[PDB]
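Visitor: After the structure tokens below, expect a handful of questions from me.
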Amino acid sequence: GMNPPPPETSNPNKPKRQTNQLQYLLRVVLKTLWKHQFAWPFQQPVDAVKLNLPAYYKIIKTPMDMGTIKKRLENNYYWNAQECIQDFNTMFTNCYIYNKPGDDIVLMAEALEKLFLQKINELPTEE
Ligand SMILES: Cc1noc(C)c1-c1cnc2c(-c3ccc(C(=O)O)cc3)cn([C@@H](C)c3ccccn3)c2c1
């Protein structure tokens, strides 16, 4: 089986705005997670062909990753902060669905998720 194309990241038919919270999600939240020791498996879509995971996209129907989230933020794909937060949560949940509890990759995701949840407790004031 072929990989699916990556999620859409730039859509001129979606409206565009910059907000305090979206800026913070890119410049603080994503930036912080991106540099984490365990970030790298989450920095791009799962390449199921390269990684020999034929069942991955048979179960994960809403793939998401931080490379995609970063591009979405950079291209003003999100209007509301919650849309971005939801994508991070989808990324973590996908990992917890496909992989057995306690697996290495799950422990990595859990560490990132803990940091993520801490950082979004510090969002700046909304317009
Ligand atoms: C499965 C799965 N479910 O959710 C995710 C997310 C994954 C996932 C995604 N990417 C990887 C990569 C990976 C990423 C980038 C590169 C690169 O050359 O740029 C090379 C390999 C390797 N692995 C395996 C071995 C791995 C890595 C660390 C710990 C345990 N297993 C991955 C697992």
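In the structure tokens, the first chain shown is A, the next is B, and so on; residue numbers restart at 1 for each chain, and ligands run from 1 in the order shown.
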Can you pull out every residue with an atom within 10 Å of ligand 1? Use only C-alpha atoms and all ligand atoms and format it as a PyMOL selection string.
Guide: chain A and resi 38-48+50-53+56+60+63-66+91-100+103-109
Visitor: Would you please extract all alpha helix (DSSP H) residues from chain A, as assigned by DSSP on the backbone, and give them as a ChimeraX atom specification?
Guide: /A:20-24,31-34,56-59,66-74,81-98,104-119
Visitor: Just checking: using only C-alpha atoms, which residue out of A:19, A:4, A:9, A:101 ends up closest to residue 79 in chain A?
Guide: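 Using only C-alpha atoms, the shortest distance to residue 79 in chain A belongs to A:19.
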